[PDB]
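File shown: structure31.cif (mmCIF, C-alpha atoms and all ligand atoms).
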data_input
loop_
_atom_site.label_atom_id
_atom_site.label_comp_id
_atom_site.auth_asym_id
_atom_site.auth_seq_id
_atom_site.Cartn_x
_atom_site.Cartn_y
_atom_site.Cartn_z
CA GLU B 1 -7.03 11.99 17.57
CA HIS B 2 -9.96 14.25 16.66
CA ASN B 3 -8.20 15.09 13.41
CA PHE B 4 -6.42 13.78 10.32
CA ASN B 5 -2.64 13.65 9.99
CA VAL B 6 -1.21 14.11 6.51
CA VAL B 7 2.50 14.10 5.72
CA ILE B 8 3.66 15.63 2.46
CA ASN B 9 6.81 13.85 1.26
CA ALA B 10 9.10 14.42 -1.72
CA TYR B 11 10.54 11.44 -3.64
CA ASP B 12 13.55 11.74 -5.94
CA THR B 13 14.05 8.33 -7.54
CA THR B 14 16.81 7.56 -10.03
CA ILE B 15 17.47 3.88 -10.69
CA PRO B 16 19.08 3.35 -14.11
CA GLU B 17 19.27 -0.39 -13.43
CA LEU B 18 17.25 -2.64 -11.12
CA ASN B 19 17.49 -6.42 -11.04
CA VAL B 20 15.45 -8.02 -8.27
CA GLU B 21 15.05 -11.79 -8.14
CA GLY B 22 16.24 -12.05 -11.74
CA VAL B 23 13.74 -9.51 -13.09
CA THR B 24 15.26 -6.39 -14.67
CA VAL B 25 13.95 -2.84 -15.12
CA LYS B 26 16.06 -0.11 -16.72
CA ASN B 27 16.18 3.69 -16.74
CA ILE B 28 13.80 4.48 -13.90
CA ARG B 29 13.54 8.17 -13.09
CA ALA B 30 10.60 9.63 -11.21
CA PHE B 31 10.24 12.70 -9.01
CA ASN B 32 7.00 13.18 -7.09
CA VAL B 33 5.50 14.80 -4.03
CA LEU B 34 2.88 12.73 -2.22
CA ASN B 35 0.20 13.41 0.37
CA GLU B 36 0.12 10.55 2.89
CA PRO B 37 -2.54 9.47 3.20
CA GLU B 38 -4.13 10.83 -0.02
CA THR B 39 -7.75 10.05 0.80
CA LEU B 40 -9.80 11.53 3.65
CA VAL B 41 -13.36 10.30 4.23
CA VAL B 42 -15.85 12.12 6.46
CA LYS B 43 -19.57 12.49 7.11
CA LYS B 44 -21.57 15.49 5.92
CA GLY B 45 -21.58 18.20 8.57
CA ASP B 46 -18.41 16.90 10.23
CA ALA B 47 -15.99 19.52 11.46
CA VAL B 48 -12.77 18.60 9.68
CA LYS B 49 -9.28 19.28 10.98
CA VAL B 50 -6.26 18.23 8.93
CA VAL B 51 -2.80 18.53 10.47
CA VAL B 52 -0.52 18.83 7.47
CA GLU B 53 3.19 18.31 8.03
CA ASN B 54 5.25 19.34 5.01
CA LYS B 55 8.41 17.21 4.87
CA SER B 56 9.08 18.26 1.28
CA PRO B 57 12.22 20.40 0.72
CA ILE B 58 10.04 23.17 -0.71
CA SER B 59 6.79 24.98 0.05
CA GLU B 60 3.79 22.76 -0.68
CA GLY B 61 0.14 23.51 -1.35
CA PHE B 62 -3.09 21.98 -0.05
CA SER B 63 -6.37 22.88 -1.75
CA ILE B 64 -9.99 21.77 -1.74
CA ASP B 65 -12.03 24.20 -3.84
CA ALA B 66 -15.45 23.10 -2.61
CA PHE B 67 -14.72 24.40 0.89
CA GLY B 68 -12.55 27.38 0.06
CA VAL B 69 -9.45 25.60 1.37
CA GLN B 70 -6.18 26.85 -0.12
CA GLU B 71 -3.04 26.79 2.01
CA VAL B 72 0.72 26.92 1.49
CA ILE B 73 2.76 24.99 4.07
CA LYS B 74 6.41 26.02 4.29
CA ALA B 75 9.12 23.36 4.05
CA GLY B 76 9.32 21.57 7.39
CA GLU B 77 6.36 23.50 8.80
CA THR B 78 3.15 21.96 10.16
CA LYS B 79 -0.17 23.67 9.61
CA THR B 80 -3.60 22.68 10.85
CA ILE B 81 -6.29 23.20 8.25
CA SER B 82 -9.88 23.22 9.44
CA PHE B 83 -13.25 23.56 7.74
CA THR B 84 -16.77 22.16 7.94
CA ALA B 85 -17.77 19.52 5.37
CA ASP B 86 -21.15 21.14 4.67
CA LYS B 87 -21.41 19.48 1.26
CA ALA B 88 -21.69 15.79 0.33
CA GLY B 89 -19.59 14.50 -2.58
CA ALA B 90 -16.02 13.88 -3.77
CA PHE B 91 -13.58 16.78 -3.96
CA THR B 92 -10.04 16.85 -5.31
CA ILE B 93 -7.28 17.63 -2.82
CA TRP B 94 -4.51 19.25 -4.85
CA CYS B 95 -1.39 21.39 -4.73
CA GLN B 96 -1.73 24.78 -6.40
CA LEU B 97 2.04 25.22 -6.66
CA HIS B 98 3.18 22.25 -8.76
CA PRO B 99 2.11 20.20 -11.80
CA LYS B 100 -0.61 17.77 -10.72
CA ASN B 101 1.18 14.74 -12.16
CA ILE B 102 4.26 15.65 -10.10
CA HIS B 103 2.59 16.37 -6.78
CA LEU B 104 -0.24 13.84 -7.21
CA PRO B 105 -3.78 14.78 -6.05
CA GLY B 106 -5.89 13.11 -3.39
CA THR B 107 -9.59 13.13 -2.53
CA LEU B 108 -11.88 14.36 0.22
CA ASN B 109 -15.02 12.23 0.29
CA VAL B 110 -17.98 13.58 2.24
CA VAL B 111 -20.60 10.88 2.64
CA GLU B 112 -24.24 11.33 3.64
CA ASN V 3 -13.60 -9.18 2.29
CA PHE V 4 -11.65 -7.01 -0.17
CA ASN V 5 -9.76 -7.98 -3.33
CA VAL V 6 -6.60 -6.07 -4.21
CA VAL V 7 -4.48 -6.99 -7.21
CA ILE V 8 -0.91 -5.71 -7.30
CA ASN V 9 0.20 -5.01 -10.87
CA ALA V 10 3.52 -3.79 -12.26
CA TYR V 11 3.66 -1.65 -15.40
CA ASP V 12 6.75 -1.17 -17.57
CA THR V 13 5.81 1.62 -19.99
CA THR V 14 8.22 3.06 -22.56
CA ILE V 15 7.04 5.15 -25.50
CA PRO V 16 9.61 7.30 -27.30
CA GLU V 17 6.96 8.60 -29.70
CA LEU V 18 3.35 7.95 -30.59
CA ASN V 19 0.60 9.86 -32.37
CA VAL V 20 -3.07 9.36 -31.60
CA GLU V 21 -5.94 11.49 -32.95
CA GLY V 22 -3.35 13.97 -34.17
CA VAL V 23 -1.81 14.34 -30.72
CA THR V 24 1.86 13.39 -30.41
CA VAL V 25 3.44 12.31 -27.14
CA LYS V 26 7.16 11.70 -26.77
CA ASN V 27 9.74 10.23 -24.44
CA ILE V 28 7.38 8.50 -22.05
CA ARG V 29 9.23 6.30 -19.56
CA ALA V 30 7.41 5.09 -16.47
CA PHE V 31 7.72 2.05 -14.26
CA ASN V 32 5.20 1.61 -11.44
CA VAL V 33 3.55 -1.01 -9.30
CA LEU V 34 -0.06 -0.34 -8.30
CA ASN V 35 -2.60 -1.69 -5.81
CA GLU V 36 -5.97 -2.16 -7.52
CA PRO V 37 -8.09 -0.90 -5.93
CA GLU V 38 -5.94 1.70 -4.20
CA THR V 39 -8.47 2.82 -1.60
CA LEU V 40 -10.27 0.78 1.07
CA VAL V 41 -13.08 2.17 3.22
CA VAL V 42 -14.51 0.53 6.36
CA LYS V 43 -16.35 1.50 9.55
CA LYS V 44 -14.63 1.63 12.93
CA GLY V 45 -14.71 -1.67 14.78
CA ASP V 46 -15.41 -4.10 11.94
CA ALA V 47 -13.05 -6.91 10.96
CA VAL V 48 -11.24 -6.54 7.67
CA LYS V 49 -10.10 -9.33 5.36
CA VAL V 50 -8.06 -8.21 2.36
CA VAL V 51 -7.18 -10.83 -0.25
CA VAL V 52 -4.03 -9.52 -1.92
CA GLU V 53 -3.07 -11.15 -5.23
CA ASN V 54 0.42 -10.20 -6.38
CA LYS V 55 0.75 -10.24 -10.17
CA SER V 56 4.06 -8.37 -10.06
CA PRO V 57 7.15 -10.25 -11.34
CA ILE V 58 8.82 -9.66 -7.98
CA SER V 59 7.78 -9.89 -4.34
CA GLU V 60 5.72 -6.91 -3.15
CA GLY V 61 4.85 -5.35 0.18
CA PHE V 62 1.53 -4.36 1.77
CA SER V 63 1.67 -2.30 4.99
CA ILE V 64 -0.62 -0.32 7.28
CA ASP V 65 1.27 0.80 10.37
CA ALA V 66 -1.72 1.83 12.49
CA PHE V 67 -2.95 -1.76 12.56
CA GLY V 68 0.45 -3.46 12.56
CA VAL V 69 -0.10 -4.86 9.08
CA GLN V 70 3.01 -5.64 7.04
CA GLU V 71 3.37 -8.51 4.62
CA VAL V 72 5.64 -9.60 1.79
CA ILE V 73 3.79 -11.38 -0.99
CA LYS V 74 5.94 -13.47 -3.31
CA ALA V 75 5.50 -12.97 -7.05
CA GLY V 76 2.41 -14.74 -8.35
CA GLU V 77 1.29 -15.42 -4.78
CA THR V 78 -1.92 -14.53 -2.95
CA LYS V 79 -2.07 -13.68 0.74
CA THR V 80 -5.05 -12.89 2.96
CA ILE V 81 -4.53 -9.97 5.33
CA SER V 82 -6.90 -9.72 8.29
CA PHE V 83 -7.19 -7.15 11.07
CA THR V 84 -9.65 -5.06 13.03
CA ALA V 85 -10.10 -1.38 12.26
CA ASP V 86 -10.31 -0.42 15.94
CA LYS V 87 -9.33 3.18 15.16
CA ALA V 88 -11.05 5.78 13.00
CA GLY V 89 -9.04 7.86 10.57
CA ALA V 90 -7.14 7.74 7.29
CA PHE V 91 -4.12 5.45 7.07
CA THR V 92 -1.54 4.98 4.33
CA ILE V 93 -1.39 1.59 2.63
CA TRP V 94 2.21 1.27 1.42
CA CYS V 95 4.88 -1.06 0.09
CA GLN V 96 7.92 -1.27 2.37
CA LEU V 97 10.09 -2.80 -0.36
CA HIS V 98 10.00 -0.19 -3.11
CA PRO V 99 10.18 3.61 -3.45
CA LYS V 100 6.88 5.29 -2.59
CA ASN V 101 6.67 6.97 -6.00
CA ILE V 102 7.33 3.72 -7.87
CA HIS V 103 4.85 1.50 -6.05
CA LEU V 104 2.18 4.15 -5.43
CA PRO V 105 0.54 4.23 -1.95
CA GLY V 106 -3.16 3.78 -1.25
CA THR V 107 -5.42 4.56 1.68
CA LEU V 108 -7.42 2.68 4.28
CA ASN V 109 -10.19 4.90 5.59
CA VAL V 110 -11.89 3.91 8.84
CA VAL V 111 -15.09 5.90 9.20
CA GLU V 112 -16.89 6.23 12.53
CA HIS Y 2 -26.17 12.33 -6.54
CA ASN Y 3 -24.11 13.33 -9.54
CA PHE Y 4 -20.38 13.41 -8.90
CA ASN Y 5 -18.11 15.53 -11.07
CA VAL Y 6 -15.05 13.81 -12.43
CA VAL Y 7 -12.69 15.68 -14.71
CA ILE Y 8 -10.12 13.78 -16.78
CA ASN Y 9 -6.98 15.87 -17.41
CA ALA Y 10 -3.84 15.12 -19.39
CA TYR Y 11 -0.45 16.35 -18.16
CA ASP Y 12 2.65 16.51 -20.35
CA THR Y 13 5.33 17.61 -17.90
CA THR Y 14 9.00 18.10 -18.78
CA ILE Y 15 11.35 19.92 -16.39
CA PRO Y 16 15.05 19.60 -17.37
CA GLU Y 17 16.00 21.35 -14.16
CA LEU Y 18 13.76 22.31 -11.28
CA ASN Y 19 15.06 25.16 -9.15
CA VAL Y 20 12.94 26.49 -6.32
CA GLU Y 21 13.75 27.88 -2.87
CA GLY Y 22 17.34 26.63 -3.15
CA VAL Y 23 16.43 23.05 -4.11
CA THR Y 24 17.59 21.45 -7.36
CA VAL Y 25 16.01 18.41 -9.04
CA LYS Y 26 16.97 17.30 -12.54
CA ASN Y 27 15.63 15.44 -15.57
CA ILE Y 28 11.97 15.49 -14.60
CA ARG Y 29 9.65 13.96 -17.17
CA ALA Y 30 6.16 12.64 -16.54
CA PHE Y 31 3.16 12.22 -18.80
CA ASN Y 32 -0.07 11.18 -17.09
CA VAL Y 33 -3.83 11.41 -17.34
CA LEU Y 34 -5.70 11.95 -14.08
CA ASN Y 35 -9.32 11.56 -12.97
CA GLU Y 36 -10.08 14.44 -10.59
CA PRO Y 37 -11.29 13.33 -8.14
CA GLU Y 38 -9.92 9.76 -8.27
CA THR Y 39 -12.05 8.38 -5.43
CA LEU Y 40 -15.81 8.09 -5.16
CA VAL Y 41 -17.44 6.78 -1.99
CA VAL Y 42 -21.11 5.80 -1.94
CA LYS Y 43 -23.43 3.59 0.10
CA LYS Y 44 -24.67 0.17 -1.01
CA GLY Y 45 -27.90 0.46 -2.97
CA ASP Y 46 -27.27 4.06 -3.99
CA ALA Y 47 -28.07 5.22 -7.52
CA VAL Y 48 -24.81 6.67 -8.79
CA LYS Y 49 -24.49 9.40 -11.41
CA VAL Y 50 -21.04 10.54 -12.53
CA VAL Y 51 -20.71 13.48 -14.88
CA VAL Y 52 -17.42 12.75 -16.62
CA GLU Y 53 -15.83 15.74 -18.34
CA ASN Y 54 -12.95 14.78 -20.65
CA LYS Y 55 -10.40 17.61 -20.94
CA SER Y 56 -7.90 15.22 -22.49
CA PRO Y 57 -6.98 15.95 -26.14
CA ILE Y 58 -7.90 12.34 -26.99
CA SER Y 59 -10.58 9.76 -26.17
CA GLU Y 60 -10.51 8.59 -22.56
CA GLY Y 61 -11.90 5.55 -20.80
CA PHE Y 62 -13.92 5.19 -17.60
CA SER Y 63 -14.56 1.61 -16.44
CA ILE Y 64 -15.77 -0.15 -13.30
CA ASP Y 65 -15.96 -3.88 -13.95
CA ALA Y 66 -18.14 -4.74 -10.94
CA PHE Y 67 -21.02 -2.67 -12.31
CA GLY Y 68 -20.55 -3.23 -16.02
CA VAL Y 69 -19.32 0.30 -16.54
CA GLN Y 70 -17.15 0.42 -19.67
CA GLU Y 71 -17.32 3.85 -21.22
CA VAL Y 72 -15.35 5.97 -23.68
CA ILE Y 73 -15.47 9.78 -23.52
CA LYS Y 74 -14.56 11.62 -26.72
CA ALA Y 75 -11.92 14.32 -26.38
CA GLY Y 76 -13.40 17.50 -24.93
CA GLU Y 77 -16.85 15.96 -24.41
CA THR Y 78 -18.95 15.25 -21.33
CA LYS Y 79 -20.78 12.03 -20.58
CA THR Y 80 -23.07 11.13 -17.72
CA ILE Y 81 -22.49 7.64 -16.40
CA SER Y 82 -25.06 6.14 -14.04
CA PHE Y 83 -25.53 2.81 -12.30
CA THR Y 84 -26.71 1.29 -9.03
CA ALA Y 85 -24.04 0.28 -6.53
CA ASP Y 86 -25.72 -2.98 -5.49
CA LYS Y 87 -22.52 -4.52 -4.09
CA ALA Y 88 -20.37 -3.35 -1.20
CA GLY Y 89 -16.60 -3.22 -1.51
CA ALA Y 90 -13.76 -1.36 -3.22
CA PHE Y 91 -13.69 -1.36 -7.01
CA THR Y 92 -11.12 -0.01 -9.40
CA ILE Y 93 -12.02 2.95 -11.63
CA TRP Y 94 -9.72 2.59 -14.63
CA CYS Y 95 -9.10 3.58 -18.23
CA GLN Y 96 -9.27 0.64 -20.67
CA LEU Y 97 -7.61 2.67 -23.45
CA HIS Y 98 -4.26 3.59 -21.90
CA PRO Y 99 -1.58 2.09 -19.61
CA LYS Y 100 -2.65 2.01 -15.95
CA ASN Y 101 0.49 3.86 -14.87
CA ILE Y 102 0.01 6.68 -17.41
CA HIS Y 103 -3.72 7.17 -16.83
CA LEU Y 104 -3.72 6.44 -13.09
CA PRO Y 105 -6.65 4.39 -11.63
CA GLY Y 106 -9.09 5.51 -8.95
CA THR Y 107 -11.57 3.77 -6.66
CA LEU Y 108 -15.31 3.42 -6.22
CA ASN Y 109 -15.99 2.55 -2.60
CA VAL Y 110 -19.42 1.17 -1.74
CA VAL Y 111 -19.79 0.97 2.05
CA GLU Y 112 -22.64 -0.82 3.83
CU CU X 201 3.09 20.54 -4.29
CU CU X 202 6.06 -2.74 -4.00
CU CU X 203 -7.05 7.14 -20.42
#

Let me see the file written as structure tokens.
Amino acid sequence: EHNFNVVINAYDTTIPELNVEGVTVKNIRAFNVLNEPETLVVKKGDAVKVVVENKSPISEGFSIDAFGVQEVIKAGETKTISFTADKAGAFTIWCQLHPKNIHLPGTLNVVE
Amino acid sequence: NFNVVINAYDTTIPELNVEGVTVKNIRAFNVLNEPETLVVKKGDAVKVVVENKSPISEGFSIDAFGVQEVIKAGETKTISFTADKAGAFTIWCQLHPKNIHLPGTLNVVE
Amino acid sequence: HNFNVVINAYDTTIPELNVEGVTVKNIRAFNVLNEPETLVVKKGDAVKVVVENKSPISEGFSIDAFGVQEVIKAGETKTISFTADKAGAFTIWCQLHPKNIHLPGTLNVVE
């Protein structure tokens, strides 16, 4: 395990009624695509390798502007994304294909 | 020693105007771990005090280190394990949909 | 040394999503996101966070552990700074809106 494993999953949740242990919640409807895990932490200078498996039914994106990373993983495909974390800081990991509050963003933290 | 509070949010806002900006038909139910992210160095022992403020029992799991607990509503449970592996691991609830009780991350840095 | 966090509002409504043969219906989600959500520093570090608010309304940026309770006017930028003198994981949240609308983040102070 010299690299990170990230699974992109789609979640289609429709629960018009939920009563658990006597507590009730109504009209729940949320659709989202998640990166699991969302956060990747590395040291400055580290050679980063992220094996992204897209389990979403559609093509998904993986982007980190700071390091020119911008990929599109086909549905069911697995792509290894590699780059060198030559800059310290916090950088958003996002999908350039869907609304950010649908396919929620993650973070790449490069510590000193 | 970490402190994570699990909170549930039942938000419903058909319409609301603030600073001249109108938002409509907002309906969202979610359970969240606060904080969501935990960062440790490889090899050190981890003690996570999880306080569940959700009205129902919640889950806290991290497969890589065989962690998986069910915390009753209003209860507090101390999770302890050793981060003997470096990487990024999903902290999730095994009881509810992933996009309802949003996942977090345990990062084990070398 | 100076992080860059951008707060964005998203008003998403998709009656019917149709892409590559997949169909999802009645999608509606309104959220405010801090981008990036996670900040990792070392104990004792002087932290500076340039918070740019792209939200059409006032937004909050708070970190209880370090007495950070700030409000950023719509479309304005504010530099928040403090010393991370305690190790741990601390919630970065908005004190103005519901936690599940304006999703929380984390400030991680490692030894
Ligand atoms: Cu996406
Ligand atoms: Cu849960
Ligand atoms: Cu807010």

Inset, instruction - Let me have all residues with an atom within 7 Å of ligand CU 202 (chain X), counting only C-alpha atoms and all ligand atoms, laid out as a ChimeraX atom specification. - result: /V:33,60-61,95-98,103

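Near (-5.3, 20.0, -21.5), the residues inside the 7 Å limit, counting all atoms listed in the file, come to residues 9, 10, 11, 55, 56 and 57 of chain Y.
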
Inset, instruction - Have a look at V:40, V:108, V:88, V:102 and name the one nearest to residue 13 of chain B; count all atoms listed in the file. - result: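 Looking at the shortest contact to residue 13 of chain B, the residue is V:102.
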
Inset, instruction - Around ligand CU 201 (chain X), at most 12 Å away and counting only C-alpha atoms and all ligand atoms, which residues are there? Put them as a count of residues only, please. - result: 41

Legend entry - Residue neighbourhood residue 30 of chain V, 9 Å, only C-alpha atoms, exclusion window fewer than 3 positions, as a list in words: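 Listing them by chain and then by number gives residues 27, 28, 29 and 30 of chain B; 11, 12, 13, 14 and 102 of chain V; 30, 31, 101 and 102 of chain Y.
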
Inset, instruction - Would you work out the distance separating atom CA of residue 82 of chain B from atom CA of residue 47 of chain B, expressed in Å to one decimal? - result: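 Taking atom CA of residue 82 of chain B as the start and atom CA of residue 47 of chain B as the end point, the length is 7.4 Å.
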
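For residue 68 of chain Y, the set of protein, DNA and RNA residues having any atom at most 12 Å away, when counting all atoms listed in the file and skipping those fewer than 2 positions along the same chain, is residues 62, 63, 64, 65, 66, 70, 71, 81, 82, 83, 84, 85, 86, 91, 92 and 93 of chain Y.
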
Just write the chosen residues, C-alpha atoms, as an mmCIF file, keeping the file's coordinate frame.
data_model
loop_
_atom_site.group_PDB
_atom_site.id
_atom_site.type_symbol
_atom_site.label_atom_id
_atom_site.label_comp_id
_atom_site.auth_asym_id
_atom_site.auth_seq_id
_atom_site.Cartn_x
_atom_site.Cartn_y
_atom_site.Cartn_z
ATOM 1 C CA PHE Y 62 -13.920 5.190 -17.600
ATOM 2 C CA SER Y 63 -14.560 1.610 -16.440
ATOM 3 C CA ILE Y 64 -15.770 -0.150 -13.300
ATOM 4 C CA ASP Y 65 -15.960 -3.880 -13.950
ATOM 5 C CA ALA Y 66 -18.140 -4.740 -10.940
ATOM 6 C CA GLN Y 70 -17.150 0.420 -19.670
ATOM 7 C CA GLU Y 71 -17.320 3.850 -21.220
ATOM 8 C CA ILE Y 81 -22.490 7.640 -16.400
ATOM 9 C CA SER Y 82 -25.060 6.140 -14.040
ATOM 10 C CA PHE Y 83 -25.530 2.810 -12.300
ATOM 11 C CA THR Y 84 -26.710 1.290 -9.030
ATOM 12 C CA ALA Y 85 -24.040 0.280 -6.530
ATOM 13 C CA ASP Y 86 -25.720 -2.980 -5.490
ATOM 14 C CA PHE Y 91 -13.690 -1.360 -7.010
ATOM 15 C CA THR Y 92 -11.120 -0.010 -9.400
ATOM 16 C CA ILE Y 93 -12.020 2.950 -11.630
#

Inset, instruction - With all atoms listed in the file counted, collect every polymer residue having an atom within 10 Å of ligand CU 203 (chain X); state the result as a count of residues only. - result: 28

Legend entry - Spatial neighbours of residue 64 of chain V, 9 Å, all atoms listed in the file, chain gap at least 4 places, as a ChimeraX atom specification: /V:68-70,91-94,107-108

Legend entry - Atomic separation - atom CA of residue 111 of chain B relative to atom CA of residue 111 of chain Y, Å: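 Taking atom CA of residue 111 of chain Y and atom CA of residue 111 of chain B, their separation equals 10.0 Å.
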
Inset, instruction - Hey, list the chain Y side of the contact with chain B: 7 Å cut-off, only C-alpha atoms, answer as an NGL selection string. - result: :Y and (4 or 11 or 21 or 23 or 28 or 30 or 32 or 36-42)

Kindly list the centre and edge lengths in Å, rounded to one decimal, for the axis-aligned box that covers all listed atoms of segment 53-63 of chain B plus 6 Å on each of its six sides, as lines of an AutoDock Vina configuration file.
center_x = 2.9
center_y = 21.1
center_z = 3.1
size_x = 30.6
size_y = 19.8
size_z = 21.8

Inset, instruction - Record the distance separating atom CA of residue 28 of chain V and atom CA of residue 16 of chain V, expressed in Å with one decimal. - result: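 Separating atom CA of residue 28 of chain V from atom CA of residue 16 of chain V is a distance of 5.8 Å.
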
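For the point (-6.7, 23.1, 11.5), the residues with at least one atom inside 7 Å, counting all atoms listed in the file, are residues 49, 50, 51, 79, 80, 81 and 82 of chain B.
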
Find the nearest atom pair between each residue of chain V and chain Y for residues within 9 Å, count all atoms listed in the file, give distances in Å to one decimal, sort rows by chain and ascending number, and present the table as CSV.
residue,atom,partner,partner_atom,distance
V:3,CA,Y:89,CA,7.7
V:4,CA,Y:89,CA,6.4
V:5,CA,Y:90,CA,7.7
V:6,CA,Y:90,CA,8.6
V:10,CA,Y:101,CA,8.6
V:11,CA,Y:101,CA,6.4
V:12,CA,Y:101,CA,8.5
V:13,CA,Y:99,CA,7.4
V:20,CA,Y:58,CA,7.3
V:21,CA,Y:58,CA,6.3
V:22,CA,Y:58,CA,8.7
V:23,CA,Y:57,CA,7.1
V:25,CA,Y:12,CA,8.0
V:26,CA,Y:31,CA,8.9
V:27,CA,Y:29,CA,8.2
V:28,CA,Y:31,CA,6.5
V:29,CA,Y:30,CA,7.7
V:30,CA,Y:101,CA,7.2
V:31,CA,Y:101,CA,7.5
V:32,CA,Y:101,CA,6.2
V:33,CA,Y:101,CA,8.0
V:34,CA,Y:101,CA,7.8
V:36,CA,Y:92,CA,5.9
V:37,CA,Y:92,CA,4.7
V:38,CA,Y:107,CA,6.5
V:39,CA,Y:107,CA,6.0
V:40,CA,Y:90,CA,5.9
V:41,CA,Y:109,CA,6.5
V:42,CA,Y:111,CA,6.8
V:43,CA,Y:111,CA,8.3

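Nearest to chain B of all the residues V:67, V:58, V:48, V:74 is V:58, based on all atoms listed in the file.
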
Inset, instruction - Using only C-alpha atoms, determine which residues lie at most 7 Å from residue 27 of chain Y, disregarding the query and same-chain residues fewer than 4 positions distant; provide the list as an MDAnalysis selection string. - result: chainID Y and resid 15:17

Using all atoms listed in the file, which residues sit within 9 Å of residue 44 of chain V once same-chain residues fewer than 6 positions away are excluded, as an mmCIF file with C-alpha atoms, keeping the file's coordinate frame?
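part_1.cif, freshly written:
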data_model
loop_
_atom_site.group_PDB
_atom_site.id
_atom_site.type_symbol
_atom_site.label_atom_id
_atom_site.label_comp_id
_atom_site.auth_asym_id
_atom_site.auth_seq_id
_atom_site.Cartn_x
_atom_site.Cartn_y
_atom_site.Cartn_z
ATOM 1 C CA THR V 84 -9.650 -5.060 13.030
ATOM 2 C CA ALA V 85 -10.100 -1.380 12.260
ATOM 3 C CA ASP V 86 -10.310 -0.420 15.940
ATOM 4 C CA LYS V 87 -9.330 3.180 15.160
ATOM 5 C CA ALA V 88 -11.050 5.780 13.000
ATOM 6 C CA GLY V 89 -9.040 7.860 10.570
ATOM 7 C CA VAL V 110 -11.890 3.910 8.840
ATOM 8 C CA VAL V 111 -15.090 5.900 9.200
ATOM 9 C CA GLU V 112 -16.890 6.230 12.530
#

Inset, instruction - Could you check which of B:37, B:3, B:87, B:19 is closest to chain V, using all atoms listed in the file? - result: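 Of all the options, B:37 lies closest to chain V.
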
Inset, instruction - Identify which of the residues V:82, V:99, V:73, V:49 lies closest to chain B, counting all atoms listed in the file when measuring atom-to-atom distances. - result: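 When distances to chain B are compared using all atoms listed in the file, the smallest one comes from V:99.
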